[PDB]
Amino acid sequence: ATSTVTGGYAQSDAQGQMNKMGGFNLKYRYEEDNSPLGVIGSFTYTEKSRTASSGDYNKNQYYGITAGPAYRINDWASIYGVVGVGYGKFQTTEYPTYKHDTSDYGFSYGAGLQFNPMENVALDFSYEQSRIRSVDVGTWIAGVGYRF
């Protein structure tokens, strides 16, 4: 069988919210010997950056799990599409009790292309968009991997 390892970096911007985040992703790929199917699973970890001025500090973390099939044609290039779910958590203040979700969640999807399918180095570039109740987030992901 064949295995491919890829890693990448992404930056996200929140339209309608004021904040920017940075995260990293690790990808695992599995292929079948007699009937290959392209599958990628990626785990993303992003953190919010802090700026010195007001003096207030807030801890915000976001984790996302995604998976996507991939199609190869004319042995030239391969394309894939992914969907996943992400959750975000922030420091809590003591508020009166009411029915509501403890953490925020949203859905993400996108597609990517593979370039330079020669040697042990290949590049992956994809566009990511996600909706987190009424807030729009855009993330660009690029990374490099090797197959053996």
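Residues numbered from 1 in each chain as written, not as in the entry; some residues may be left out. Heavy atoms only, no water.

If you check the header, you'll see the entry was determined by solution NMR.

Considerations on the sheet that holds strand β1 (residues 3-15)
Put simply, the rule is: By the convention used here, strands pair only if DSSP detects at least 2 bridges between them. For helices the rule is a DSSP run of H or I covering at least 4 residues; for strands it is a run of E covering at least 2, with both sets numbered from the N terminus onward. To get an axis, fit a line to the C-alpha atoms, keeping to the stretch in contact for a helix; angles then go from 0 to 180 degrees between the N-to-C directions.
On the basis of which strands lie adjacent, the closed barrel formed by 8 strands has the order β1-β2-β3-β4-β5-β6-β7-β8 and antiparallel pairing. The mean angle between the axes of side-by-side strands here comes to 20°, regardless of whether they run parallel or antiparallel. Sheet topology note: the strand β5 (residues 77-90)/strand β6 (residues 104-115) ladder contains 10 bridges and is antiparallel. Residue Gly86 lies in a different strand from β6, and its bridge partner there is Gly106.

Description of the UniProt feature "transmembrane region" in the protein chain
Definition in use: UniProt positions are given in the numbering used here, feature names are shortened, and annotations may be inferred rather than shown by experiment.
This chain's UniProt record puts "transmembrane region" on residues 3-12, 22-31, 37-46, 63-72, 77-86, 107-116, 121-130 and 138-147. Structurally, residues 22-31 comprises 0% helix and 90% strand, and the distance from its first C-alpha atom to its last is 30 Å. Taken end to end, residues 107-116 is 0% helix and 90% strand, and its first and last C-alpha atoms sit 30 Å apart.

Considering the pairing of strand β7 (residues 122-132)
Pairing of β6 with β7, which is carried by 9 bridges, proceeds in the antiparallel orientation. Residue pairing for β7: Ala111 is matched across the bridge by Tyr127. Linking β6 to β7, which pair antiparallel, is a turn of 6 residues; within it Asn116 sits at a positive phi near 60°. Here 11 bridges tie β7 to strand β8 (residues 135-147), and the two strands are oriented antiparallel to one another. Each bridged residue has a counterpart across the sheet, and for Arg131 the counterpart in β8 is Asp136. Linking β7 to β8, which pair antiparallel, is a turn of 2 residues; within it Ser134 sits at a positive phi near 75°.

Thoughts on the side chain of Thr6
What counts is decided by this rule: Only protein chains enter the accessibility calculation, which uses a 1.4 Å probe; a residue whose area is less than 20% of its type maximum is buried, one above 50% is exposed, and one in between is partly exposed. In this analysis, two residues are considered to be in contact whenever any of their non-hydrogen atoms come within 4.5 Å of each other.
Turning to its location among the elements, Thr6 is positioned in strand β1. Here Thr6 falls in the buried class, since its relative accessible area comes to 8%. What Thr6 contacts, discounting residues up to four positions off in sequence, is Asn25, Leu26, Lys27, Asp124, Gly143, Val144 and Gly145.

What to know about the packing of aromatic side chains
Which entries qualify depends on this criterion: The criterion for an aromatic pair is that two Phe, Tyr or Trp rings (for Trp, the six-membered ring) have centres within 6.5 Å, with stacked assigned to planes under 30 degrees apart, edge-to-face to planes over 60 apart and tilted to the rest.
All told, the structure shown has 5 aromatic pairs when counted by the stated rule. Pairing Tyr45 with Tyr63 gives two aromatic rings, centres 5.7 Å apart and planes at 85°, and the pair type is edge-to-face. Pair noted here: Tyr45 is in strand β3 (residues 38-48) and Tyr63 is in strand β4 (residues 60-73), with a separation of 18 residues, a long-range link. Where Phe125 meets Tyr127, the ring centres are 5.3 Å apart and the plane angle is 85°; that geometry is what we call edge-to-face. Judged by relative accessible area, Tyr127 falls into the exposed class, the value being 55%.

Topic: the environment of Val121
Along the polypeptide, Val121 turns up in the loop between β6 and β7. On the accessibility criterion, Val121 (42% relative accessible area) is partly exposed. With 115 residues separating them along the chain, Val121 and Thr6 place their C-alpha atoms 9.6 Å apart. Ignoring sequence-local partners within four residues, the contact set of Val121 consists of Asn116, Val144 and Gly145.

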